[PDB]
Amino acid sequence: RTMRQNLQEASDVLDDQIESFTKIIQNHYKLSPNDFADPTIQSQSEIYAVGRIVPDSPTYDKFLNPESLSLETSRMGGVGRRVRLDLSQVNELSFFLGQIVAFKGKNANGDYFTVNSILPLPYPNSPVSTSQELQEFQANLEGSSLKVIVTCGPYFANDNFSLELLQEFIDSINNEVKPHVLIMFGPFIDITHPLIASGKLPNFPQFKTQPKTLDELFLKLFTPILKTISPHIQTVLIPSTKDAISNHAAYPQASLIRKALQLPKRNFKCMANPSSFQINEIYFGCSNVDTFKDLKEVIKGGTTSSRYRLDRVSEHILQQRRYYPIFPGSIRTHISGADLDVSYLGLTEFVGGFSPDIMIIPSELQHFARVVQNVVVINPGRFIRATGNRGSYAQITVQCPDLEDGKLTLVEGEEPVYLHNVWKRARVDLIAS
């Protein structure tokens, strides 16, 4: 796929989000489509409605509140019309721009839709495994626990090109920690690094031939150090749209090309941003746009506000079934941004409709690991800080799966399968790098 932006196609995708949630709501709550009607017009009767949270003016103030939101309907639902929301009868809520929501309410007089109740979107199902599969996974590990290390760029500071800290880290994982898998998120060479941005790039006396491009700078600076990661540790690279080495600077972002990075096949895999995969039974959902920094909630209610922001935001992501549900995506003001390629938001949805067991969405906020709705949510933090001080990384240690220990749940059915209960078996440490 090329750099094309097509308005009809983008709008198709936004329409389809509303329609697919309309079907999820109808199946979960067992409602008939005749119970759904157009909230943008007057009725005498209470109706159910599904739509997208949008601002009530298209040229809107940076700071929204519960009196300045509208609901956008699908093309079939309300000819795409948008209607102002009256949220005065609802004491507890958290909304954000781009959120798909379901309401019970009424447009009494034509110009407002009064929300009487919020129908919460249901959490997606968790993946399951057969007893045979779990036994193989048990044999893979030879008793011992599964170890996965996760890092996120930047890897060098703002005022130099030192990877000394990364070398120290590599020595540690090779010779002490010895994990099974290492997941490394970009940026590797961040195009917005201030020396890169300004072109203040020095002569490197430790290179025989100077790089002429940022791609060559990666081959001379990162490749030789990455090559020293033990071949026994499988290493996964996931890019950022700020990666100078990527030529696909929109989310969702195609994977890097490993051969081009001159990294060895023996232990390096390049994955897309986002990507979903299993390590043994554990489903990972990885995405490298900063949802946790960017999602700006409009909030009412003491109970909602007393909760932790990171819990609320993780639940919004699980409910929305996409790793960056904010739309329009955030902008850094022009320098950088989410850079959403709206036509392909499809690929940023939860693969198979499954919630991940572990969800990793690096952020510039402080590192954190939290269980929310039985999903382990991890922000490993930046590997190095801009000043050159130690950053952090995440270590995930998961007890080896055991059908006999009880910690796996048998799901009832003719075909016997088990919920991984990764949250019950996983320990996440956030370690100074």
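The first residue of the sequence shown is number 1, and the count goes up from there.
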query	finding
Unresolved deposited residues in the interval that joins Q206 and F207	none
Stretch with the greater mean C-alpha B-factor as recorded in the entry, comparing 195-203 against 286-294	195-203
Given 127-135 and 346-354, the range whose Cα B-factors average higher in the PDB entry	127-135
Deposited CA B-factor, highest of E168, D311, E176, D341	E176
Out of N247, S144, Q253, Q210, highest CA B-factor residue	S144
Relative C-alpha B-factor of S20, binned into the chain's lowest, middle or highest third	middle
Chain-wide C-alpha B factor ranking for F277, given as lowest, middle or highest third	middle
Chain thirds of CA B-factor: placement of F161	lowest
For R390, the third of its chain into which the C-alpha B factor falls	middle
Chain thirds of CA B-factor: placement of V377	lowest
